[PDB]
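# Structure assessment
Letter by letter, the chains look like this.
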Amino acid sequence: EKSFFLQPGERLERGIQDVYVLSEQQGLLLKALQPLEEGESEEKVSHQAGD
Amino acid sequence: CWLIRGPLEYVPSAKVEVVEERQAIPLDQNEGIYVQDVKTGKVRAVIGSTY
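The deposited coordinates derive from X-ray crystallography, with the record listing a resolution of 3.5 Å.

Here it is as structure tokens:
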């Protein structure tokens, strides 16, 4: 929950998207990653760039 | 997601969304339907009582 005054020179990439909530049992997301990042996701598991 | 039935009166919570309005099938002593467990993939025959 947030109300947000977009500062000057901000822009919303894709407006106001809704959080993925995945099909409990059989809903899945598959995602690449532009840059390398460690313990960065909500998994605290590192991934190499493109991994 | 999960389901509630029985002799209750329900107000969907702020955070819960009523997906299906289900109505149970009455089955003869001697007749029935085939369900499939989406989780398991298991497909069985449910016969005898109302389900």
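Next, the rest of the story.
### Topic: the overall build of chain A
Counting its regular elements, chain A contains 0 helices and 0 strands. Here the C-alpha atoms of chain A give a radius of gyration of 15 Å, more than 25% beyond the 10 Å that 2.2 N^0.38 yields for 51 residues. Seen through its C-alpha atoms, chain A measures out along the principal axes to roughly 35 × 30 × 15 Å. Of all 51 residues assigned to chain A, the portion counted as buried reaches 6%. Carbon and sulfur atoms make up 50% of the accessible area of chain A, which totals about 5,700 Å². Charge-centre separation for chain A: the mean point of 5 positive side chains lies 5 Å from the mean point of 11 negative side chains.

### Quick word on the pattern of salt bridges
Residues and elements named next belong to chain B. Counted by the stated rule, this structure contains 1 salt bridge over all chains. Ionic pairing is found between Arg22 and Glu20, a salt bridge with its closest N-O pair at 2.9 Å. An identical accessibility class is assigned to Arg22 and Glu20; each is exposed.

Conventions adopted
Residues numbered from 1 in each chain as written, not as in the entry; some residues may be left out. Chains lettered and ligands numbered in written order. Part of a larger assembly, values for the part shown. Heavy atoms only, no water. Helix = DSSP H or I, 4+ residues; strand = E, 2+ residues; numbered from the N terminus. Rg over C-alpha atoms; globule rule 2.2 N^0.38 Å. Buried < 20%, exposed > 50% of the residue type's maximum accessible area, 1.4 Å probe, protein only. Areas by Shrake-Rupley, 256 points an atom, 1.4 Å probe, with all protein chains shown as cover. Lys, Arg positive; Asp, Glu negative; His and termini not counted. Charge placed at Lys NZ, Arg CZ, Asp CG, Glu CD. Salt bridge = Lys/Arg side-chain N within 4 Å of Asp/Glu carboxyl O.

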